[PDB]
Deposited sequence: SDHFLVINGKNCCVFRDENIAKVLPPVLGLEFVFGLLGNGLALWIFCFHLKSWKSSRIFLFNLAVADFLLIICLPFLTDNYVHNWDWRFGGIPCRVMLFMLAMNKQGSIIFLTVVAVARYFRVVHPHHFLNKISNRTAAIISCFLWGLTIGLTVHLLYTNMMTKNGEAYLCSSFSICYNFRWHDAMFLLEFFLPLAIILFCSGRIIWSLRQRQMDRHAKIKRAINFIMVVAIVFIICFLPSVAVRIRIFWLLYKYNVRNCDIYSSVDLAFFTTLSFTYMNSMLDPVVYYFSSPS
C-alpha cells in the first residue's frame, strides 16, 4: 500500500490492520458494559453529604461520560478505521475521550491528596472543608479540564484516507504538539502525586500499632491497589508513545513501515486506559461496607 498521508498539512502515515478490528471490540464491549453497570450506579447513588463523596461523584461522572462514547470507537474499529458520522461528531467524540480521561485522572489525584491530608495531617483544616468549597473546587477543576482540551473542538481531525475516512488525535506524525505533552503529563505528574501521597499515608500508619491492624491493613492494601491499578492501566500507552517519539526523532516518516508495529501496539494499549474507568467503581466505591 501507500500509508503516507497529510493531516492538517503534516506528513504522517496511518496503518489499517484488521487485527485492530478483530481484537479491540472484544475488550471495548466488555469495558462499556461493565462501565455502565458500575458507574451508572455510582451516579444514581453518589459513590453528596461530604466532600469526599462529592469528589467521588465527579470521578464517576467522568467515567460514565468516557464509557458512553466507547461504542463509537468500537464502530470506528469494526469498520477498520472508517468513521460513518462526519466531522463535527468525531471532533466531539475525541474531545469527550480526552476531557473525560483527564478529568478522571484529576479526580483520582484529588482523592489521593485528600486521603493524604486525612491520614498524615488529622488536624489540618482541609479535613473540615464544607460541601460548598468542594463544589467550587470541583467546578474549577472541570473548567481546567475543558480549557485544556477544547482545542480538540477548535481544530480539525477528520481526513480522507483513500477510500475511507479516518478520525484520530493519535496519528504518527512528525509533529510534536501540546496534545502529546498533555498525554505524557496526565500520567507522569498525577502518578508522582499519587505515589507520594500513598507512601506518606502508609509510612504514617505503620508508626502506630494500637491494636486495630485488621482494618488499617485493609486500608493500606486498598491504597496500594489504587496505585498499581493506575500504573498498569496507563503506563503501557505512554511507553509505546515514547518509543514512537524516539523513532520519529531519529527515523523521520519516509520509510514509515517501521512504525507499523508500534502503531498497532499503541492502539492496543489505549484500550487499557479506558478499562480504568470500569475498575474505579470497584476500587473506590464498592470496597466500602455498603
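No C-alpha positions are given in the record for the deposited-sequence stretch 48-51, the only such gap.
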